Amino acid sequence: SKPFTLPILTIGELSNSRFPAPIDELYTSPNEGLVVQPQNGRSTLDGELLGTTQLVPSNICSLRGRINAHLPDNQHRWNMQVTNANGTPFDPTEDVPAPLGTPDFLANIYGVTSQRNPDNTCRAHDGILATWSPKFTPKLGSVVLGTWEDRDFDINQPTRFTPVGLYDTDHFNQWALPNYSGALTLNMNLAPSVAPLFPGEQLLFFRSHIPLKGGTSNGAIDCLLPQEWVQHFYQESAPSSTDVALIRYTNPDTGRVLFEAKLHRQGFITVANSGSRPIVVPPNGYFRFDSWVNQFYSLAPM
């Protein structure tokens, strides 16, 4: 078989796969009572992308298309038809939950909506992508973008939303999926929920504290795999010999090993740990693949 590998990347060299941001720390938590089912940053270990996951980092939580209308309310809102990169409208019959890169959490996402016309005249206005809105219907090919009172966009010109962070904390829940087709509809083609199946284990996350325009929050976005691991597995396509890869967080200069973890075939990590805490790792260290083990493998407790 083509041997399985992880990329040689320290924590300061990793990116979040659910929001455009550097990884700030590793984190573990029980997430009691919640369903953990992110749709970005989802890949099998042998490189099959899942959910809404795609490879281009600047397309994470970005959508593009053409603005088609200014809405007749007092909220300064603009409807956008979502397109592919070639300008063709999104096809709702594609077996994805939503256009690739669509945000996978409820929030008021602060960002900038920009346009460039064929004659190279441009405009951009900061504002909000409300992923909880009844008119957030990206699987139907349309979303609404907000800005402020005095701002206009051009109808039917190429349009892009660049995400920046959270506008505020209203509606923010990183583990609540949007209704990709709007109210009273079921999401489809989802990457499965993930949970520890072995006793004494918790998920391990790659955490970013993303920007927040106003309010009080740690802004935590937890991904199952950093974007670089998604990219690596996609390129490598190494066969998964068992359901679980044993990985160890290692300092390459001294060989000192900090802890060990289970990297599951479906693309997430578990550790033997209790409670919600940040993990501190050596700045020069990174996970190394050790061996393929079985699901009942007992990890050394952190």
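Numbers for residues come from their place in the sequence shown, where the first is 1.
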{"property": "Segment of higher mean CA temperature factor, 146 to 154 or 94 to 102", "result": "146 to 154"}
{"property": "Mean C-alpha B-factor comparison - 167 to 175 and 73 to 81, higher one", "result": "73 to 81"}
{"property": "Per the PDB entry, maximal CA B factor within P38, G47, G267, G275", "result": "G275"}
{"property": "Peak C-alpha temperature factor (PDB record), options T52, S43, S240, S58", "result": "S240"}
{"property": "Chain third (lowest, middle, highest) by recorded CA B-factor, residue given as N284", "result": "middle"}
{"property": "Entry-reported Cα temperature factor of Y180, expressed as the chain third it lands in", "result": "lowest"}
{"property": "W229, C-alpha B-factor rank within chain (lowest, middle or highest third)", "result": "lowest"}
{"property": "Chain third (lowest, middle, highest) by recorded CA B-factor, residue given as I128", "result": "middle"}
{"property": "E13, C-alpha B-factor rank within chain (lowest, middle or highest third)", "result": "lowest"}
